[PDB]
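Asks: below you'll find the sequence and an experimental structure to go with it.
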Amino acid sequence: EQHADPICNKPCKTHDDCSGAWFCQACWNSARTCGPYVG
């Protein structure tokens, strides 16, 4: 897991906004925040 990510819950729409992220690299639909990159 690890998840020591600093972008988790950052409000955006795209994953690119969560550019510096490693875990919460994908901005989720309903949450509209930098969630995990699904993978």
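Replies: Ah, there it is. Numbers count the residues shown, from 1 in each chain.

Asks: how long is stretch 12-28 from one end to the other?
Replies: 8 Å (Cα to Cα, to the nearest Å).

Asks: distance between that stretch and the chain's centre?
Replies: 4 Å (Cα atoms, centre = their mean, to the nearest Å).

Asks: now swap in stretch 31-39 and tell me
Replies: Mean-position distance between stretch 31-39 and its chain equals 4 Å (Cα atoms, centre = their mean).

Asks: export it to PDB, keeping only CA atoms.
Replies: Provided in PDB are the C-alpha atoms of stretch 31-39 (Å, rounded to 0.1, in the frame of the first residue of the first chain):
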ATOM      1  CA  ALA A  31     -14.900  12.700  -5.700                       C
ATOM      2  CA  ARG A  32     -13.400  15.200  -8.100                       C
ATOM      3  CA  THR A  33     -10.200  14.700  -6.200                       C
ATOM      4  CA  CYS A  34      -6.800  13.100  -6.700                       C
ATOM      5  CA  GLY A  35      -7.500   9.400  -5.900                       C
ATOM      6  CA  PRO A  36      -5.400   6.300  -6.700                       C
ATOM      7  CA  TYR A  37      -4.400   5.800 -10.300                       C
ATOM      8  CA  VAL A  38      -6.600   2.700 -10.500                       C
ATOM      9  CA  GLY A  39      -4.000   0.700 -12.500                       C
END
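
Asks: quick check: bridge partners of the residue most central in space within the chain?
Replies: Against the mean C-alpha coordinate of the chain, by Cα atoms, centre = their mean, the closest residue is residue 34 at 2.4 Å. With DSSP bridges as the criterion, residue 34 is bridged to residue 27.

Asks: thought it was touching residue 16?
Replies: No - using Cβ atoms under 8 Å, residue 34 makes no contact with residue 16, being 10.4 Å away. Every C-beta, even on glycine, is put in place using the N, C-alpha and C of the backbone.

Asks: this completes my enquiry, with thanks.
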